[PDB]
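Residue numbers (the deposited numbering), protein chains in the order written: chain o, 9 to 51; chain O, 9 to 162; chain b, 2A, 3 to 151; chain E, 44 to 348; chain K, 61 to 178; chain 0, 79 to 188.
Virtual Cβ for every residue (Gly too), placed ideally from N, Cα, C.
These notes are about the structure you will find just below.
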Amino acid sequence: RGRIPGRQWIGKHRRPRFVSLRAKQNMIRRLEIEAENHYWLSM
Amino acid sequence: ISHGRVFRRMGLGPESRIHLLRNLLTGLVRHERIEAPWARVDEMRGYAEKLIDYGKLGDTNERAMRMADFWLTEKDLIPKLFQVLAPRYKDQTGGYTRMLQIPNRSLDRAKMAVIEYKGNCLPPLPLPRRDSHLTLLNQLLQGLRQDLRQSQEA
Amino acid sequence: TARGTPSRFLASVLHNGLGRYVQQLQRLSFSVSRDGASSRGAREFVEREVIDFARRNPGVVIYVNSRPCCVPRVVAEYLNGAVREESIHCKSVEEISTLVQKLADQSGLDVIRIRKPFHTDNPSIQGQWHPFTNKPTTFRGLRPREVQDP
Amino acid sequence: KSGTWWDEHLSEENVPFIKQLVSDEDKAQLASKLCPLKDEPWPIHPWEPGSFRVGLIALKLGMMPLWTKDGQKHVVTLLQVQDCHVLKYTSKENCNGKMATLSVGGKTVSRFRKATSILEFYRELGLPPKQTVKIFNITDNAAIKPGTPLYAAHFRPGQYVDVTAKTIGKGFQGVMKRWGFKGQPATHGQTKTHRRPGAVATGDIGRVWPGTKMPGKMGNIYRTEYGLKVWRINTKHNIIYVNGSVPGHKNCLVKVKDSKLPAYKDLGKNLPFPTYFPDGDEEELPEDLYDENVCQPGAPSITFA
Amino acid sequence: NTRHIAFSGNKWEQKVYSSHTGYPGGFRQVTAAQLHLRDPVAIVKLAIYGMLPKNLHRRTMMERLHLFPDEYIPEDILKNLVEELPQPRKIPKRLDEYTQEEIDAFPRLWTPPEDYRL
Amino acid sequence: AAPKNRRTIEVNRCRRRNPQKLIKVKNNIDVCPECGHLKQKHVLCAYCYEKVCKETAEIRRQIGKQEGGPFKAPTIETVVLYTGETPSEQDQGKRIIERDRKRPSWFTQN
RNA sequence: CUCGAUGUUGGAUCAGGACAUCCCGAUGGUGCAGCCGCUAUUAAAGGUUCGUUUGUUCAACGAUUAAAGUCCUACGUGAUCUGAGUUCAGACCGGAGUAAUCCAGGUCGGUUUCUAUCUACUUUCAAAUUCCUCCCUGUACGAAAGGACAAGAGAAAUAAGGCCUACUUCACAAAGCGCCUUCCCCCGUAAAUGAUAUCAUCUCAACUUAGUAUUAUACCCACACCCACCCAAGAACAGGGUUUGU
RNA sequence: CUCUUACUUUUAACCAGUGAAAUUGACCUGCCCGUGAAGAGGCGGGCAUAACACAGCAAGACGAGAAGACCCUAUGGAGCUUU
RNA sequence: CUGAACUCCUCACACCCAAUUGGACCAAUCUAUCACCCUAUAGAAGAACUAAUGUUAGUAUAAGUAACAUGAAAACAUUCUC
RNA sequence: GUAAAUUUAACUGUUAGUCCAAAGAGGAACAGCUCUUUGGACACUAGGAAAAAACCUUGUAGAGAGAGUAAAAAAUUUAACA
Ligand SMILES: [K+]
Ligand SMILES: [K+]
Ligand SMILES: [K+]
Ligand SMILES: [K+]
Ligand SMILES: [K+]
Ligand SMILES: [K+]
Ligand SMILES: [K+]
Ligand SMILES: [K+]
Ligand SMILES: [Mg+2]
Ligand SMILES: [Mg+2]
Ligand SMILES: [Mg+2]
Ligand SMILES: [Mg+2]
Ligand SMILES: [Mg+2]
Ligand SMILES: [Mg+2]
Ligand SMILES: [Mg+2]
Ligand SMILES: [Mg+2]
Ligand SMILES: [Mg+2]
Ligand SMILES: [Mg+2]
Ligand SMILES: [Mg+2]
Ligand SMILES: [Mg+2]
Ligand SMILES: [Mg+2]
Ligand SMILES: [Mg+2]
Ligand SMILES: [Mg+2]
Ligand SMILES: [Mg+2]
Ligand SMILES: [Mg+2]
Ligand SMILES: [Mg+2]
Ligand SMILES: [Mg+2]
Ligand SMILES: [Mg+2]
Ligand SMILES: [Mg+2]
Ligand SMILES: [Mg+2]
Ligand SMILES: [Mg+2]
Ligand SMILES: [Mg+2]
Ligand SMILES: [Mg+2]
Ligand SMILES: [Mg+2]
Ligand SMILES: [Mg+2]
Ligand SMILES: [Mg+2]
Ligand SMILES: [Mg+2]
Ligand SMILES: [Mg+2]
Ligand SMILES: [Mg+2]
Ligand SMILES: [Mg+2]
Ligand SMILES: [Mg+2]
Ligand SMILES: [Mg+2]
Ligand SMILES: [Mg+2]
Ligand SMILES: [Mg+2]
Ligand SMILES: [Mg+2]
Ligand SMILES: [Mg+2]
Ligand SMILES: [Mg+2]
Ligand SMILES: [Mg+2]
Ligand SMILES: [Zn+2]
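This is how it looks when you write it as structure tokens:
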């Protein structure tokens, strides 16, 4: 039991992917770098 | 399943089985010693024993004469049965034949047996003989027997 | 592959280099041809290079043999008894010089997989680890759940 | 290194002597055990609820009909107890089981055909070897000293017993005889398919389930018949008449035990405990014990008045 | 003392151990509570078996595991023991196990009404 | 049904050399005391049996010449007599078959 | 995905599984008096018929049954079978076409191979379900008509496992049409005591009963006589007996 | 047929002699669920697991056999008919 | 903290895309001239095979499997059974 | 900021396409459906998302028994009432 119809990560019905804690931290870490890039490009 | 089935399946069926056995028995009466496949001799041996009993009834018993007429395909053997074979066993109640296994047949390696009517004129078969009473084991047992008989008489 | 070939541990010949260094190359046997294009580079190596190479290595006896041959070869023998044959067919003088120098520097042990890139006979100075190394001792060496003086 | 048998090297004179000698020893050994209560018996405790006593080993003599007083006909199986003795007793702790066990053996056999380890076991026991040995779970109070003989009067008419034996062996058999499969039609085009299994599984699984019914060896396995009434006992010949049929062919050894069915629990209050000791018995039992409902052979013809 | 193991939450009721005899209809599912009363070492054994590497060494490692449901340990096993490992879970004290010093040290946090029946 | 794959020599050696396939050593062979040739315990010695058969055939050939036709089995007992022997008291009234050789030592006159 | 082939309906055979339950069990509600019903919760251990026409699955009809459940499994299953249907080559009828020939049409006929290499499997050793009869009783219920439940007893059928005393097919024996044995449980809810919330409240409150089995016990359990012989044991092997080896 | 049973012969099985065929990428050739060119002995997660014959069975190896005969395609054929 | 063939570190560097395209080498054979235990520089060409239900030959697998054969006794004369 | 571009000369192969994000059309705001458009990935490497062409990280090639990293693990539990 617990089959996903067709292929897992395409189509209408997909396997749900969830956002882990470290996945969030990874994104925020790169958001901080880009935010600083904005600053140094302002002068 | 063949529980309690005492007769073998031989030849081409029930009739052929009797005919096969009858030819063997006829040969035995004439020659008094024949060799044939072990299983077939074992099957025929019972008939060879009973034939003598019919022979002992005598040639004046019409039932015995009919039995002998059927089983002996060579009619010169019927006088032999009543006048030679049956008188020879007058003083026995059974055990008219002896059956011994002989080396396997050369061609098809069939298990083989020799059967003969006891008391024939032919050279004796090399019968198996039990160990001499003088052997070490038999002498030790003779001592034990002597000892047990002496203690009982006392 | 490693599984398809033999292997050995890193080692030396008679503890070489511990008290003194002894060159393991003991003999060199060249077989050049007076005529033959295959030996052109080997003939030029015997004219200017072999003499100066022997001056630097007085412990190596070099045997140059000029004879008809289609494939010139150098045979190197080492103190441990190893014998190595290397063809110098159609090699340049510089190529032969490099090969001959490499033979001089090698120990003569089999050029096969070396299991470890190091060797030591005294791996531990403070005592090799055992299961009791970091275990504390108890009064009267009593075992867990053991009644004393019963 | 060549194998030998008992009379291989014996002479013509010694074979009869040895046969007689060993035969007499067997008979003498069996006669020496006929007085268990005069030979330091173990304590004979009274029956208590929850007590399990030893059973017997018997031989299937055959089948016989008897009629009850109402006129109904019941066929019974004759079970004869032959040379049944207690062989070994194992305590509850050493058995590795919930209850203590009592080993019982029946039917004497030739000593020449038994293993050395088995032979020396019987030598210290002082009995001739037994064809079959069965293990009976018992309570501590029901223990019997090894070497004590058991008789048919151990079971009394009116009680229910369980009989265990190997069934008649039919060899390799088809699904029709073995499992009662319907088979296929005789005519209407059937091609070489009359007694075949058919479909053995479904296509999807792609395998045959373990335990699927297929052609194989049939019979020759241990089966138990429960709740068989003991109609009558013959003390002279030690034959237990039991209701119905028991597994196995006639002349085979059967294990007879008190019935385990829940309805028959705690019915041993009036049965011999731990067993029946004929020597101890004050009054000799009649040659036949009958259940109250059985028509005895010499009773008057039934009349419905 | 494997008989006295404790599950957090409602794992006694919720955790199910699934097996299959291989015969049709042979699927069996039992709760941890049912399994524990049937076999007082099975739960600890199954937890360990699943944590060991899934290779041919696993069953060899299991031979070196000796589970006993009670304090009784065979004398041979007791004589070879070297060290006892600290219990991973600190067992909380029951209210009846607190000394009067500890009870007195904890302050009374509220004043009940004097006329409350309680 | 056909083989899906060739069976390897490794698999075949396991099948062919299984102890079930090997010839078993016979432990029932013994020396015949009369002739010294080998025999099985439960089977007559081939050498001794052949010797008996050869003499039996010679006697049967002599019986043939005396009968001199089919269907001429006698109604009396028969005795075999060898060179240098004469009918005993218990051999009177019996067909005499005469063999042109000396009585074999293993053929005891009875 | 497969056309250097994954054989196409229905049936026979043997069935595995789901529960959205047709019957049997346990329950709540009722426009539930009773007997019958309707509806929902729980339950998949066990069971779920034979016939006439039709190739049919269905459908209609006859007679039953406690009930004649719904589905999945390559519309389970043709290296197990069947070939009436569909769907080749022959032919007829109606119709279309100048003809050849053709039409979802009807109709008669029409070759179903395989010696098993591999996987899997080949005694789940053994607790049983249901109807009917008598009795309770013409009692409870009810204006009357009608008419139970529980316990108690008996007798059957089916299923599983055995057996040959008789009968029957038969005859040193195998068989059924004959006879013998067959034992636990089901969790939906219904009730006390009693807090959060000083009443009350069956409680994902602590708790108490209906209310539960370590499912029980049962079966099995020794082993270098073993060349050979016999056997109710058996394909071979193995197994039992030989104190029945002229 | 309800509903099968018994016996004989053949085949069968064992011994001896003689000795093919289709088939075969290699194989050290388990089960469940999941996955995947969408139906897994070989992948992921689990479970199972000393080795080796003989006799049966036909669920699978999309089993063997015949470069599908149905269907479509090819500026590939042929038979027959004709305003 | 763990975690790539990403990046750094010691040394080296042409050395990881189907069709197609460019380039550097080269096995063996023959010829010219060399060489003379198997080579060199060139000129040539029937110049390289893990696969075409390829062709021929050998030997495996299925497999010691399927299948095949001789009526009986005897003195080998003969007789008997069908 | 970068190092390519055009032209000249000579040619071959590719012209039966898949998923993902986005803007739309058709279908049923079904399809692992069909049709265009912008971009990406795949048809080439490695790590990750369980196994995994199309999602994420990452590309330029060797040796090493060094080192720093990239992407990268799923959270949640509920109805009293005057
Ligand atoms: K999908
Ligand atoms: K196809
Ligand atoms: K019909
Ligand atoms: K396979
Ligand atoms: K409340
Ligand atoms: K019958
Ligand atoms: K199959
Ligand atoms: K990732
Ligand atoms: Mg999928
Ligand atoms: Mg049998
Ligand atoms: Mg039938
Ligand atoms: Mg046919
Ligand atoms: Mg047929
Ligand atoms: Mg194919
Ligand atoms: Mg079913
Ligand atoms: Mg339900
Ligand atoms: Mg189908
Ligand atoms: Mg077929
Ligand atoms: Mg099929
Ligand atoms: Mg048809
Ligand atoms: Mg017409
Ligand atoms: Mg038709
Ligand atoms: Mg009633
Ligand atoms: Mg209350
Ligand atoms: Mg209250
Ligand atoms: Mg066969
Ligand atoms: Mg053969
Ligand atoms: Mg193929
Ligand atoms: Mg799958
Ligand atoms: Mg097999
Ligand atoms: Mg078959
Ligand atoms: Mg495959
Ligand atoms: Mg196929
Ligand atoms: Mg094709
Ligand atoms: Mg043309
Ligand atoms: Mg790293
Ligand atoms: Mg890089
Ligand atoms: Mg590089
Ligand atoms: Mg070259
Ligand atoms: Mg050249
Ligand atoms: Mg060529
Ligand atoms: Mg080749
Ligand atoms: Mg080829
Ligand atoms: Mg085969
Ligand atoms: Mg055959
Ligand atoms: Mg034939
Ligand atoms: Mg284009
Ligand atoms: Mg698409
Ligand atoms: Zn001899």
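| Asked | Found |
| --- | --- |
| Report the CB separation of residue 169 (chain O) from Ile42 (chain O) in whole angstroms; it is logged as a contact under 8 Å. | Past the edges of chain O, shown from 9 to 162, lies residue 169 (chain O), and the structure says nothing about it. |
| Between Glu135 (chain K) and chain b, is there a C-beta pair that is closer than 8 Å? | no |
| Please list the segments of the beta strand (DSSP E) lying wholly inside the stretch 202-240 of chain E, counting only runs of 3 or more residues, in order along the chain. | 203-209 and 214-216 |
| Tell me where the alpha helix (DSSP H) around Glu42 (chain o) begins and ends. | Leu29 to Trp48 |
| Closer than 7 Å, Cβ to any Cβ of chain K: which residues of the stretch 240-271 of chain E, in chain order? | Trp252, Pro253 and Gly254 |
| Kindly indicate which residue of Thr186 (chain 0), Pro97 (chain 0) and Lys104 (chain 0) has the alpha-carbon position closest to the one of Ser45 (chain E). | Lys104 (chain 0) |
| List in chain order: all unbroken alpha helix (DSSP H) runs of 4+ residues lying wholly within the stretch 102-137 of chain K. | 102-111 and 118-123 |
| Just how far apart, CA to CA, sit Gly114 (chain E) and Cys295 (chain E)? | 31 Å |
| Measuring only the C-alpha atoms, how far is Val121 (chain 0) from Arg119 (chain K)? | 55 Å |
| Taking the alpha carbon of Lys256 (chain E) as the point to measure from, which residue in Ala242 (chain E), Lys177 (chain E) and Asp322 (chain E) has its own alpha carbon closest? | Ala242 (chain E) |
| So which residues of chain 0 does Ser45 (chain E) contact, with C-beta pairs closer than 9 Å? | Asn105, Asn106, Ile107, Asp108 and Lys119 |
| Step through the CB atoms of chain E and report whether any lies within less than 8 Å of the CB of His141 (chain O). | yes |
| What does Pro100 (chain K) touch in chain E if you count any residue whose Cβ is under 9 Å from its own? | None at all; the shortest Cβ gap to chain E is about 17 Å. |
| Excluding the 5 residues preceding and the 5 following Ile65 (chain K) in the sequence, name in chain order all residues of the same chain whose CB lies nearer than 7 Å to its CB. | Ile103 and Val104 |
| Could you pull out every residue in the same chain whose Cβ sits closer than 8 Å to the Cβ of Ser78 (chain K), ignoring the five residues on either side in sequence? | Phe87, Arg88 and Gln89 |
| Closer than 8 Å by C-beta to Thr151 (chain E): which residues in its own chain qualify, once you throw out the five before and the five after it? Chain order, please. | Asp69, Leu73, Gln125, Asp126, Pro171, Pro172, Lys173 and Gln174 |
| Can you list, in chain order, the residues of its chain with a C-beta nearer than 6 Å to that of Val299 (chain E)? Leave out the 5 residues immediately preceding and following it. | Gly98, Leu99, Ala101, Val204 and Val206 |
| Measure the beta-carbon distance from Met107 (chain O) to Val49 (chain O) and round it to whole angstroms, keeping in mind my assumption that it falls under 8 Å. | 6 Å |
| Compute the Euclidean distance between the alpha carbons of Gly162 (chain 0) and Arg139 (chain 0), then round it to the nearest angstrom. | 20 Å |
| Considering only their Cβ atoms, is the gap separating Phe198 (chain E) from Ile282 (chain E) smaller than 8 Å? | no |
| Taking the beta strand (DSSP E) that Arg117 (chain O) belongs to, which residues open and close that run? | Taken as a continuous stretch (DSSP letters only), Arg117 (chain O) belongs to no beta strand (DSSP E), as it is neither H nor E. |
| In terms of alpha-carbon separation, which member of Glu82 (chain O), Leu148 (chain O), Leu145 (chain O) and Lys58 (chain O) lies closest to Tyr97 (chain O)? | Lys58 (chain O) |
| Closer than 8 Å is the cut-off here; do at least three beta carbon pairs connect the stretch 141-156 of chain O with the stretch 52-61 of chain E? | yes |
| Cβ closer than 9 Å: which chain K residues qualify as neighbours of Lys103 (chain b)? | Correct list: empty, because the minimum Cβ distance to chain K is about 45 Å. |
| With DSSP as the reference, label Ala93 (chain K) as helix, strand or coil. | helix |
| Mind listing the chain E neighbours of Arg138 (chain O)? Cutoff is C-beta to C-beta under 8 Å, in chain order. | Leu53, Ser54, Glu55 and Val58 |
| Looking at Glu51 (chain O): is its Cβ nearer than 8 Å to the Cβ of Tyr125 (chain O)? | no |
| Tell me which residues share the same chain as residue 213 (chain O) and place their Cβ nearer than 8 Å to its Cβ, disregarding the 5 neighbours each side in the sequence. | With chain O covering 9 to 162 only, the question about residue 213 (chain O) has no answer from this structure. |
| Over what stretch of residues does the alpha helix (DSSP H) that includes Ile141 (chain 0) continue unbroken? | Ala124 to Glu145 |
| How many Å lie between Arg221 (chain E) and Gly14 (chain o) at the Cα? | 46 Å |
| Would you list the residues sitting across from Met75 (chain O) in a DSSP beta bridge? | DSSP lists no partner for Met75 (chain O). |
| By the 7 Å beta-carbon criterion, what residues does the stretch 105-126 of chain K contribute toward chain E? | none |
| With the cut-off set at 8 Å, would you say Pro73 (chain b) and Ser32 (chain b) are in Cβ contact? | yes |
| Since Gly109 (chain b) and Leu80 (chain b) are thought to touch, with beta carbons under 8 Å apart, how far apart are those beta carbons, to the nearest angstrom? | 7 Å |
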